[PDB]
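The file start-v8.txt contains compact mmCIF, C-alpha atoms and all ligand atoms:
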# COMPACT_ATOMS: atom_id res chain seq x y z
CA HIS X 1 -2.08 -11.74 6.14
CA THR X 2 -3.17 -10.32 2.79
CA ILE X 3 -1.95 -9.59 -0.75
CA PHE X 4 -2.57 -6.64 -3.09
CA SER X 5 -2.94 -9.05 -5.99
CA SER X 6 -4.69 -7.07 -8.76
CA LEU X 7 -5.42 -3.48 -9.79
CA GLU X 8 -8.67 -2.03 -11.14
CA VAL X 9 -8.55 0.99 -13.48
CA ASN X 10 -11.57 2.73 -15.05
CA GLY X 11 -13.78 -0.14 -13.87
CA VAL X 12 -11.60 -2.91 -15.38
CA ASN X 13 -9.58 -5.39 -13.33
CA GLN X 14 -6.19 -5.79 -14.97
CA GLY X 15 -5.79 -9.44 -13.99
CA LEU X 16 -4.45 -11.59 -11.16
CA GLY X 17 -0.78 -10.75 -10.75
CA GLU X 18 -0.90 -8.86 -14.07
CA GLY X 19 0.92 -5.57 -13.67
CA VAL X 20 1.19 -6.23 -9.91
CA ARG X 21 4.30 -8.00 -8.58
CA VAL X 22 2.76 -10.58 -6.28
CA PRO X 23 4.18 -12.96 -3.68
CA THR X 24 2.51 -16.32 -3.32
CA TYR X 25 2.92 -16.17 0.46
CA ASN X 26 0.77 -13.58 2.23
CA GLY X 27 3.03 -13.04 5.27
CA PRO X 28 4.19 -9.57 6.29
CA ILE X 29 7.51 -7.82 6.11
CA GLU X 30 8.61 -6.92 9.64
CA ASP X 31 12.02 -5.23 9.27
CA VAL X 32 11.63 -1.66 7.99
CA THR X 33 15.36 -1.49 7.19
CA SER X 34 15.13 -4.45 4.79
CA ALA X 35 15.18 -3.99 1.03
CA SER X 36 11.95 -6.01 1.09
CA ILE X 37 10.06 -3.04 2.59
CA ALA X 38 9.97 -1.34 -0.82
CA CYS X 39 8.10 -3.87 -2.98
CA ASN X 40 8.04 -6.96 -0.74
CA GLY X 41 10.70 -9.67 -1.06
CA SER X 42 12.75 -12.12 0.97
CA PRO X 43 11.90 -14.11 2.91
CA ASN X 44 8.87 -14.04 0.61
CA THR X 45 9.25 -14.66 -3.13
CA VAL X 46 7.84 -12.10 -5.57
CA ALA X 47 6.84 -12.83 -9.16
CA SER X 48 7.67 -10.59 -12.09
CA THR X 49 5.13 -9.41 -14.65
CA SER X 50 5.56 -7.84 -18.09
CA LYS X 51 2.27 -5.94 -17.97
CA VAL X 52 2.45 -2.17 -17.51
CA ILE X 53 -0.96 -0.74 -16.64
CA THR X 54 -2.14 2.48 -18.29
CA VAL X 55 -3.92 5.07 -16.12
CA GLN X 56 -5.05 8.61 -16.90
CA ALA X 57 -3.55 11.15 -14.54
CA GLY X 58 -6.07 12.66 -12.14
CA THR X 59 -8.14 9.46 -11.97
CA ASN X 60 -8.12 6.64 -9.43
CA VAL X 61 -6.62 3.18 -9.41
CA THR X 62 -8.12 0.66 -6.98
CA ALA X 63 -5.86 -1.90 -5.33
CA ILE X 64 -7.80 -5.15 -4.77
CA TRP X 65 -6.62 -6.83 -1.55
CA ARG X 66 -7.19 -10.56 -1.04
CA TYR X 67 -6.25 -13.10 1.61
CA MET X 68 -4.35 -15.39 -0.80
CA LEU X 69 -3.72 -15.63 -4.53
CA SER X 70 -6.27 -18.48 -4.66
CA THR X 71 -8.99 -16.39 -3.01
CA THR X 72 -12.03 -15.83 -5.24
CA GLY X 73 -14.45 -14.13 -2.81
CA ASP X 74 -14.57 -10.61 -1.38
CA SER X 75 -16.04 -11.11 2.12
CA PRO X 76 -14.01 -9.78 5.08
CA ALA X 77 -12.27 -13.15 5.65
CA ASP X 78 -11.39 -13.13 1.93
CA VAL X 79 -9.48 -9.85 2.43
CA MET X 80 -7.69 -9.86 5.81
CA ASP X 81 -8.44 -10.95 9.37
CA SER X 82 -10.35 -8.29 11.27
CA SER X 83 -7.74 -8.28 14.06
CA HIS X 84 -5.37 -6.51 11.63
CA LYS X 85 -6.25 -2.90 12.44
CA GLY X 86 -4.06 -0.17 10.99
CA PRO X 87 -3.56 2.32 8.15
CA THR X 88 -3.72 1.97 4.39
CA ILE X 89 -1.12 3.90 2.40
CA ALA X 90 -0.01 4.35 -1.20
CA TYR X 91 3.10 5.78 -2.88
CA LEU X 92 4.40 6.45 -6.38
CA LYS X 93 7.97 6.30 -7.73
CA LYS X 94 8.98 7.65 -11.16
CA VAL X 95 11.11 5.08 -12.97
CA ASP X 96 12.67 4.50 -16.37
CA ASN X 97 11.05 1.09 -16.94
CA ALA X 98 8.22 -0.02 -14.66
CA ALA X 99 8.87 -3.70 -15.41
CA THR X 100 12.52 -3.68 -14.27
CA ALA X 101 12.93 -1.02 -11.56
CA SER X 102 13.37 -2.73 -8.18
CA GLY X 103 11.74 0.07 -6.18
CA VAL X 104 14.59 0.06 -3.66
CA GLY X 105 15.92 3.49 -2.75
CA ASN X 106 14.90 7.13 -3.17
CA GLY X 107 12.07 8.50 -5.30
CA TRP X 108 8.88 7.55 -3.45
CA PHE X 109 6.18 10.09 -2.67
CA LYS X 110 2.98 9.44 -0.76
CA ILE X 111 -0.31 9.89 -2.61
CA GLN X 112 -2.88 8.36 -0.24
CA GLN X 113 -3.30 7.39 3.39
CA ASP X 114 -6.10 6.44 5.76
CA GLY X 115 -5.24 5.90 9.43
CA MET X 116 -7.93 6.21 12.11
CA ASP X 117 -10.99 8.42 11.68
CA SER X 118 -13.15 10.34 14.16
CA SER X 119 -15.29 7.30 15.04
CA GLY X 120 -12.22 5.17 15.83
CA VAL X 121 -12.36 3.12 12.60
CA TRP X 122 -9.12 2.18 10.85
CA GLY X 123 -8.18 2.33 7.20
CA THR X 124 -7.70 -1.43 7.00
CA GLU X 125 -11.22 -1.92 8.33
CA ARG X 126 -12.68 0.07 5.44
CA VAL X 127 -10.77 -2.16 3.02
CA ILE X 128 -11.68 -5.38 4.87
CA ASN X 129 -15.37 -4.48 4.94
CA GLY X 130 -15.28 -2.82 1.51
CA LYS X 131 -14.63 -5.90 -0.67
CA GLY X 132 -10.87 -5.31 -0.40
CA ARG X 133 -11.08 -2.11 -2.44
CA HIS X 134 -8.35 0.46 -1.72
CA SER X 135 -8.99 3.52 -3.92
CA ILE X 136 -6.04 5.77 -4.75
CA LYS X 137 -5.99 9.04 -6.71
CA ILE X 138 -3.17 9.44 -9.24
CA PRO X 139 -2.22 13.17 -9.11
CA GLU X 140 -3.04 15.15 -12.24
CA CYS X 141 -0.04 17.44 -11.84
CA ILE X 142 2.80 14.90 -11.94
CA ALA X 143 4.99 14.03 -14.93
CA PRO X 144 3.67 11.38 -17.33
CA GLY X 145 5.30 8.03 -17.97
CA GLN X 146 6.54 4.98 -16.09
CA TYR X 147 5.90 4.63 -12.36
CA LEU X 148 5.78 2.08 -9.59
CA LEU X 149 2.74 2.19 -7.31
CA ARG X 150 3.38 0.82 -3.81
CA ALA X 151 0.12 0.06 -1.98
CA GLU X 152 0.35 -0.93 1.66
CA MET X 153 -1.66 -2.06 4.68
CA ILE X 154 0.03 -2.02 8.08
CA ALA X 155 -1.43 -4.32 10.74
CA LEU X 156 -0.82 -2.99 14.26
CA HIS X 157 -2.52 -5.62 16.46
CA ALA X 158 0.94 -6.97 17.48
CA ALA X 159 2.84 -3.67 17.32
CA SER X 160 3.12 -2.77 21.03
CA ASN X 161 6.83 -3.51 20.58
CA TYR X 162 9.12 -3.36 17.57
CA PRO X 163 9.53 -5.74 15.79
CA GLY X 164 5.77 -6.26 15.78
CA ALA X 165 4.15 -4.09 13.15
CA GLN X 166 3.21 -6.07 10.05
CA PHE X 167 3.81 -4.42 6.66
CA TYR X 168 1.87 -5.81 3.68
CA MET X 169 2.81 -4.19 0.38
CA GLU X 170 2.99 -4.87 -3.34
CA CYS X 171 4.16 -2.79 -6.28
CA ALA X 172 2.15 -2.22 -9.44
CA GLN X 173 3.64 -1.13 -12.77
CA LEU X 174 2.02 1.99 -14.28
CA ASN X 175 2.11 4.05 -17.46
CA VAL X 176 0.67 7.41 -16.40
CA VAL X 177 -0.91 9.24 -19.36
CA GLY X 178 -1.79 12.92 -19.35
CA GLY X 179 0.21 14.15 -16.37
CA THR X 180 0.96 17.85 -16.69
CA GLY X 181 4.37 17.76 -14.97
CA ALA X 182 3.54 21.04 -13.23
CA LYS X 183 4.84 19.85 -9.85
CA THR X 184 7.78 17.64 -8.88
CA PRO X 185 7.17 15.91 -5.51
CA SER X 186 9.73 15.72 -2.76
CA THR X 187 10.70 12.09 -2.23
CA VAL X 188 11.69 9.56 0.42
CA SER X 189 13.45 6.19 0.31
CA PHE X 190 12.35 2.62 0.99
CA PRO X 191 14.04 1.43 3.10
CA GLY X 192 14.43 4.67 5.04
CA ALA X 193 11.08 6.40 5.35
CA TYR X 194 10.04 4.19 8.28
CA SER X 195 11.78 3.57 11.60
CA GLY X 196 11.05 1.10 14.38
CA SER X 197 10.64 4.02 16.80
CA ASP X 198 8.00 5.83 14.71
CA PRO X 199 4.87 6.58 16.80
CA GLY X 200 2.72 4.81 14.19
CA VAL X 201 4.97 1.73 14.07
CA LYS X 202 5.78 1.06 17.77
CA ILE X 203 2.28 1.48 19.26
CA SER X 204 -0.20 -0.25 21.56
CA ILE X 205 -3.66 -0.01 20.02
CA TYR X 206 -5.08 -1.33 23.31
CA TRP X 207 -3.50 0.53 26.25
CA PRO X 208 -4.81 3.15 26.22
CA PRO X 209 -7.39 2.78 23.43
CA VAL X 210 -6.12 4.91 20.51
CA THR X 211 -7.95 8.07 19.65
CA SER X 212 -5.50 9.66 17.17
CA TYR X 213 -2.93 7.99 14.90
CA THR X 214 0.18 9.29 13.12
CA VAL X 215 0.63 7.42 9.84
CA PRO X 216 4.35 6.76 9.23
CA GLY X 217 6.15 8.30 6.30
CA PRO X 218 6.04 11.74 4.70
CA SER X 219 3.03 13.97 4.19
CA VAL X 220 0.66 13.24 1.32
CA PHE X 221 1.69 14.97 -1.90
CA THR X 222 -0.99 17.37 -3.19
CA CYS X 223 -1.24 19.29 -6.44
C1 LIG X 301 -9.87 8.35 -5.21
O1 LIG X 301 -8.91 8.13 -4.16
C2 LIG X 301 -9.01 9.09 -3.10
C3 LIG X 301 -7.87 8.81 -2.15
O2 LIG X 301 -6.61 8.99 -2.79
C4 LIG X 301 -10.39 9.01 -2.44
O3 LIG X 301 -10.50 10.06 -1.50
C5 LIG X 301 -10.77 9.73 -0.18
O4 LIG X 301 -12.03 9.24 -0.27
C6 LIG X 301 -12.58 8.92 1.02
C7 LIG X 301 -13.88 8.22 0.81
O5 LIG X 301 -14.94 9.02 0.25
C8 LIG X 301 -12.62 10.11 1.92
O6 LIG X 301 -12.81 9.56 3.21
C9 LIG X 301 -11.30 10.80 1.87
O7 LIG X 301 -11.28 12.01 2.55
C10 LIG X 301 -10.74 11.06 0.46
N1 LIG X 301 -9.43 11.59 0.63
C11 LIG X 301 -8.93 12.65 0.08
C12 LIG X 301 -7.52 13.02 0.22
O8 LIG X 301 -9.57 13.34 -0.62
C13 LIG X 301 -11.50 9.14 -3.48
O9 LIG X 301 -12.76 8.86 -2.87
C14 LIG X 301 -11.28 8.19 -4.65
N2 LIG X 301 -12.29 8.41 -5.68
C15 LIG X 301 -12.89 7.41 -6.34
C16 LIG X 301 -13.89 7.83 -7.37
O10 LIG X 301 -12.63 6.23 -6.12
CU CU X 302 -1.76 -11.54 9.23
Using the file provided, produce a representation of the structure as structure tokens.
Ligand SMILES: *[C@@H]1O[C@H](CO)[C@@H](O[C@@H]2O[C@H](CO)[C@@H](O)[C@H](O)[C@H]2NC(C)=O)[C@H](O)[C@H]1NC(C)=O
Ligand SMILES: [Cu+2]
Amino acid sequence: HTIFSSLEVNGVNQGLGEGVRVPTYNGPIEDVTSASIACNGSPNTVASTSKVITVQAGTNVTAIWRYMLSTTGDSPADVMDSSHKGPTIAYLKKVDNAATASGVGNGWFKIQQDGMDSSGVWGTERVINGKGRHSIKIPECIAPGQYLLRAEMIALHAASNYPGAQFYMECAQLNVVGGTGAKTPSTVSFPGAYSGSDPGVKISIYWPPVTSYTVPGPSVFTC
């Protein structure tokens, strides 16, 4: 249980729920075929926001994960329970108007992921123990303009069967400045990119203890 509730750019937090479409309830999406897998949604309720956040292409945005909207600390319990081991992931989608695009459908491309490393540590654990900071590089080579950023943590502690994996995601609204447009990523859809049978979705992280993890979704776009 966690919420990507604010975004930091060039050292400046853009504000609670400002430019990030936040639910007030921190519960996960569990059906990967639901329209809610794109930018969260029913049976949660997601707020709108008229802020569109400017970011220079080639630089990083940092998603700031917190347990609830009311949370004002950054200790591990203020981010997400340590049982919630799994990957962190981020995607972009080029849109006409970042304040009105729903995010549902085709156009997403992956720009960051962090599953399990050589020492058996998970991406969510680096966020939980790293003050909730989830750093994400905006590619320099993409087209400028309006985008959605979908940042996600998947908790796998209850994922031995499907349904079981717990998908926590929120969409930020970006104005990307300075992109060269030299490369046009191949894209996937939400819902669509994930399936209940994926080896990183239906998985026991206990039996046997996991030594290598396949993050769901497409490969990471690189310039
Ligand atoms: C910008 O975000 C990228 C990820 O999109 C960060 O790169 C990862 O950084 C970690 C931590 O040092 C490494 O474990 C990874 O190998 C990096 N991944 C890749 C693909 O390069 C990067 O550190 C971030 N930069 C800043 C300044 O926050
Ligand atoms: Cu939870």
At a cut-off of 10 Å, can you tabulate as a tab-separated table every residue of chain X near ligand CU 302 (chain X) together with its closest atom pair and the distance in Å to one decimal, using all atoms listed in the file and ordering rows by chain then number?
residue	atom	partner	partner_atom	distance
X:1	CA	X:CU302	CU	3.1
X:2	CA	X:CU302	CU	6.7
X:26	CA	X:CU302	CU	7.7
X:27	CA	X:CU302	CU	6.4
X:28	CA	X:CU302	CU	6.9
X:67	CA	X:CU302	CU	9.0
X:80	CA	X:CU302	CU	7.0
X:81	CA	X:CU302	CU	6.7
X:82	CA	X:CU302	CU	9.4
X:83	CA	X:CU302	CU	8.3
X:84	CA	X:CU302	CU	6.6
X:154	CA	X:CU302	CU	9.8
X:155	CA	X:CU302	CU	7.4
X:156	CA	X:CU302	CU	10.0
X:157	CA	X:CU302	CU	9.4
X:158	CA	X:CU302	CU	9.8
X:166	CA	X:CU302	CU	7.4
X:167	CA	X:CU302	CU	9.4
X:168	CA	X:CU302	CU	8.8
- request: Would you work out the distance separating atom CA of residue X:192 from atom CA of residue X:144, expressed in Å to one decimal?
  value: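 Between atom CA of residue X:192 and atom CA of residue X:144 the gap is 25.7 Å.
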Distance table requested - chain X against ligand LIG 301 (chain X), cut-off 8 Å, all atoms listed in the file: one row per qualifying residue with the closest atom pair and its distance in Å to one decimal, ordered by chain and rising residue number, as a tab-separated table.
residue	atom	partner	partner_atom	distance
X:59	CA	X:LIG301	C1	7.1
X:60	CA	X:LIG301	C1	4.9
X:61	CA	X:LIG301	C1	7.4
X:62	CA	X:LIG301	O10	7.2
X:111	CA	X:LIG301	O2	6.4
X:112	CA	X:LIG301	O2	4.6
X:113	CA	X:LIG301	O2	7.2
X:114	CA	X:LIG301	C9	7.8
X:135	CA	X:LIG301	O1	4.6
X:136	CA	X:LIG301	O1	3.8
X:137	CA	X:LIG301	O2	4.0
X:138	CA	X:LIG301	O2	7.3
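Considering the residues X:163, X:43, X:199, X:130 and counting all atoms listed in the file, residue X:76 has its shortest atom-to-atom contact with X:130.
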field: Separation of atom CA of residue X:93 from atom CA of residue X:176 in Å
entry: 11.4 Å
field: Between atom CA of residue X:92 and atom CA of residue X:55 - distance in Å to one decimal
entry: 12.9 Å
- line: Judged by all atoms listed in the file, the minimum distance to residue X:18 among X:128, X:220, X:143, X:174 is found for X:174
- prompt: X:202, X:21, X:150, X:131: which is nearest residue X:91, counting all atoms listed in the file?
  reply: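 When distances to residue X:91 are compared using all atoms listed in the file, the smallest one comes from X:150.
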message: Residues within 6 Å of residue X:7, please, as a list in words. Count only C-alpha atoms; anything in the same chain fewer than 4 positions from it doesn't count.
response: residues 13, 14, 62, 63 and 64 of chain X
- request: Go through X:20, X:177, X:149, X:68 and flag the residue nearest residue X:103, using all atoms listed in the file for the distances.
  value: X:149
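Counting all atoms listed in the file, the residue from X:201, X:39, X:115, X:104 that sits nearest to residue X:164 is X:201.
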